[PDB]
């Protein structure tokens, strides 16, 4: 049974021993990163024959987010338990940002093709998670690498969103 009922009174476990309330800043940060991941999976499902290229990196992004979630759930002082390192993932994001940035043609408004719009939604959820990650940071020591990655990731989603639009011959929505 996947339901233990240990959570039915509003408390839960993290990595290590601490029992925390579900509204605890750390539980929320791990939660928002998990919601971002759900949305990436949703976005990934909207891929078709014209946008097929975007599929593996999005899938890869989901792996990276799982790792981010793991480290957010891990207290820095914990003696028995951080697996996420930002350098390779972020550089990889930076390559795609520059790639997509030069391919594509005012301020840009979120929208366009359904995949582009979903990638624009990814951008804003990534940012919502980022604020919650900073909020944790202000109370507890966190893996700063997660924050570096998350910050770059919303930039990736802006870049990929524009590219998704470009891939289906769709103009970016512009502020008039």
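Numbering follows the first chain given and starts at 1.
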| property | result |
| --- | --- |
| Chain break class at residue 105/residue 106 - deposited residues not modelled | 1 to 3 |
| Absent coordinates between residue 81 and residue 82 - deposited residues affected, binned into four classes | 1 to 3 |
| Stretch with the greater mean C-alpha B-factor as recorded in the entry, comparing 13 to 21 against 161 to 169 | 13 to 21 |
| Mean temperature factor over C-alpha atoms, higher-scoring stretch between 117 to 125 and 134 to 142 | 134 to 142 |
